[PDB]
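Handing you a structure now.
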Amino acid sequence: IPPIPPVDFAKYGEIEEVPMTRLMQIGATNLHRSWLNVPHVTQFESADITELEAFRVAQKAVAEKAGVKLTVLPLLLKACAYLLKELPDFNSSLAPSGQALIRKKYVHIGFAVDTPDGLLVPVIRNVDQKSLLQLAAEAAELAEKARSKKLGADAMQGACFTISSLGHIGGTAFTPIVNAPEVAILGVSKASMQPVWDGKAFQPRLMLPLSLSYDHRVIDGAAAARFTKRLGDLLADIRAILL
Amino acid sequence: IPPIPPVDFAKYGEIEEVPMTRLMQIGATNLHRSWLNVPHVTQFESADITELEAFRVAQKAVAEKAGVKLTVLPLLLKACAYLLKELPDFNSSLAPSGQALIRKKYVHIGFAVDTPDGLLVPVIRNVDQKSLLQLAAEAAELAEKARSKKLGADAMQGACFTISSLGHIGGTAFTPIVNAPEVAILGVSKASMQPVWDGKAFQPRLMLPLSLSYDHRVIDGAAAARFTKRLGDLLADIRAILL
Amino acid sequence: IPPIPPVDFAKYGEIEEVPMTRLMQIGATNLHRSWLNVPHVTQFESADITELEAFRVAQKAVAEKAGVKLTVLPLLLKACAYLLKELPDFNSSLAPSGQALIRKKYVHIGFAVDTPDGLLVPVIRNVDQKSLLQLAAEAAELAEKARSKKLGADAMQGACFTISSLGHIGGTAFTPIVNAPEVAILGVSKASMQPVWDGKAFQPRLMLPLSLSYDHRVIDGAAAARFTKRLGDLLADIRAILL
């Protein structure tokens, strides 16, 4: 690939060199590998979480008695494990022969944690089998160990899908990069009150923006649109997961 | 390009291998070729189709008497053939010498059909010369032959531009990949009722999201913004095509 | 990288060859270099410029007496120079060793001008030190020289960040390409009146869409979300720059 020409940055002013942690460097390398290997498409959708939010906030009592904080992330994780079982092409990887997909029969999901040293994506195993408070507990633990560098490499392996939530900082949407060999990643941004037409007038609903980037070699456009739609449907009523 | 490291997926659970159809494999190869060759930008816009929709629905009678179904796709095709003649840099391809553009004086447009076996993009020739019911007829035929594998390779060649419509499944927008050697592709997503300021209050208008990805080597930002704007203008009043 | 197969375009109709200016060719080459080198993510945000706009329009008198036109661009430039000093990772470049960042202690910003011959990105030096009317003056001058080919190569060097404004043509958002060796670019699109929930009802506010694409090797998701958020905050009240 052509290299970027070097520039004497100091011709233009004072410069200072700060170095990259080995974590940054690793991260850099892996992102570039994915970028060049995966033809990326991002599919955007908005989900109506007005009722999810109300539920979340009402279980604050129960969550506190169990020692967890109930955030949107366990809810996101549960709904995506369910969908990853329904739409198995999203829970698979392109086999090295380029002619086969390896469908995984297990659902382990990573979530992005931004730490001082760089990005870590701890993995929760068998998300499909854990309850909302189990997942809330575990997510937090893995997050604290990640910030504290106490996260052992084991816990960073064998994920099937990644959720990257920036909803806590802000933004309308973004286009995340697929962590190959996985085939998709869900970016989640800040929720806003939006007017949503009820057939007769505009009702304020709390809308969560979802950005699903996918490996277009493995997932086609219609499959991805169907995935964010189902997910919008599941978050609008999490009871459908009970069915 | 660095390869993705192989992972023993079975360390983490039960895996199953399903194979890729030759169609998937072809598709995979071509998408990756475009991805690495084309510096991609997507330009997003929303078009007011309230009046297009009303027209569409009112001609249901005439369409039924002719045996066609009038969808938004013939309307999309007609308006883009008109624009492809107005803004010819979008109807061209980068010549192999990298120093010339080949402007095509003909307008043939492909549209994406997702079939069981993979993606096919049948091509309608001389879109600029056909009427809305001719195009509605032909689109359907090519679509049925595509699903039925009866589409002969001939009908998959020499397109100038591609429309990818996911409006029927859902979604807010996406970033499609350019089918090189073409220089642009129009993604269309689901139409929603949106509040649109009329200068004094917000009026509900039916808005169609458009996502135009383009080859930034050939098309610059202003040209693309001008293309989706004109298209938003043409769909808001299809009578401008008569002018 | 696999080449695109040549197609005899004339099998399908009449073609005509027009050539590329040396400017287009240069541009093409550089964009492809960035594209293959930079793993790109775009972060989208909307900023409330209702009060910025009112200010802009009220200073029309003063601007006219000084001979400048006060557009949103000097306002954009001032606010980004301030942020580029606050969040220095955005004002830096990946050192050729891949293991260091070169933080620039100066703020020079380029802005995209689309000319007949291709794209030029004139650079304003030390944006952080100039006033809104100085910047309005200079932006215009560099723009006129650019259209008139009187822009000397000197003035196209050593920028730290680029703003690409298409707000004057239209569009909702786009995904700009990073001009490597810079690490980020701000795309700005057309401002619209939007309903924004005030806690009790929807208030019409003039919203400006911002699309920040960044080099994900150097900038992580949270840093970028934090940058467009701060920028949304600064444009909602430019007096925070005084602090």
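The chains referred to below are lettered A, B, ... by the order of the sequence lines, with proteins before strands, and numbering in each begins at 1.
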Quiz item: Which residue pairs pass the salt bridge (charged side-chain N to carboxylate O under 4.0 Å, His left out) test with at least one member in residues 158-171 of chain A, sequence neighbours excluded?
Solution: none

Quiz item: Which distance, rounded to the nearest 0.5 Å, do you find between the OG of C/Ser97 and the CD of A/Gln25?
Solution: 9.0 Å

Quiz item: Roughly how far, to the nearest 0.5 Å, is the CG atom of A/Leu119 from the CG atom of C/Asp220?
Solution: 7.0 Å

Quiz item: Checking heavy atoms, do the side chain of A/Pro209, its backbone, both or neither come under 4.5 Å from chain C?
Solution: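 A/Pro209 has no heavy atom closer than 4.5 Å to chain C.
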
Exercise. Walk me through it: do A/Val18 and C/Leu101 pass the test side-chain contact (heavy atoms from CB on, under 4.5 Å)?
Key: CA-CA 6 Å; A/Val18 303; C/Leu101 282 87; 3.9 Å; yes

Quiz item: Roughly how far, to the nearest 0.5 Å, is the OG1 atom of C/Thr228 from the CZ atom of A/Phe174?
Solution: 11.0 Å

Quiz item: Taking 4.0 angstrom as the limit, do C/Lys105 and A/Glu16 come out as a salt bridge?
Solution: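 Yes.
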
Quiz prompt | Segment of C/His216 engaging chain A (4.5 angstrom heavy-atom cut-off) | solution =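 Looking at C/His216, backbone and side chain both touch chain A.
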
Practice problem: Check whether any side-chain heavy atom of C/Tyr106 sits under 4.5 Å from a side-chain heavy atom of A/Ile15, and report yes or no. | Solution: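 In contact.
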
Quiz item: Which atoms form the tightest heavy-atom contact between A/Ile169 and C/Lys229, and what is the distance?
Solution: O-NZ, 3.2 Å

Quiz item: Measuring from C/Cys160:SG to A/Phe9:CZ, what's the distance to the nearest 0.5 Å?
Solution: 9.0 Å

Exercise. Among the options C/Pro88, C/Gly221, C/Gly232, pick out the one with the most heavy-atom pairs lying under 4.5 Å from chain A.
Key: C/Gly221

Practice problem: Hey, could you give me the NE2/CD1 distance between C/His32 and A/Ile1, rounded to the nearest 0.5 Å? | Solution: 10.0 Å

Quiz item: chain C contacts: which residues in residues 192-203 of chain A have a non-hydrogen atom closer than 4.5 Å to it?
Solution: A/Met193, A/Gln194, A/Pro195

Practice problem: Determine the option with the most heavy-atom pairs under 4.5 angstrom with chain C, choosing from A/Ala112, A/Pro5, A/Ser189, A/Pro6. | Solution: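 Counting heavy-atom pairs under 4.5 Å, the top option is A/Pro5.
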
Practice problem: Check each atom of A/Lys190 against the heavy atoms of chain C and say whether the ones under 4.5 Å are side chain, backbone, both or neither. | Solution: side chain

Quiz item: Does anything in residues 177-186 of chain A get under 4.5 Å of chain C by heavy atoms, and if so which residues?
Solution: A/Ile177

Quiz prompt | Contact residues of residues 33-49 of chain A (partner chain C; heavy-atom separation under 4.5 angstrom) | solution = A/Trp35, A/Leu36, A/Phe44

Quiz item: Which one of A/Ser164, A/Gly171, A/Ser211, A/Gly170 has the most heavy-atom pairs closer than 4.5 Å to chain C?
Solution: A/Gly171

Exercise. May I ask you to test the C/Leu94-A/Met20 pair for a side-chain heavy-atom distance under 4.5 Å?
Key: yes

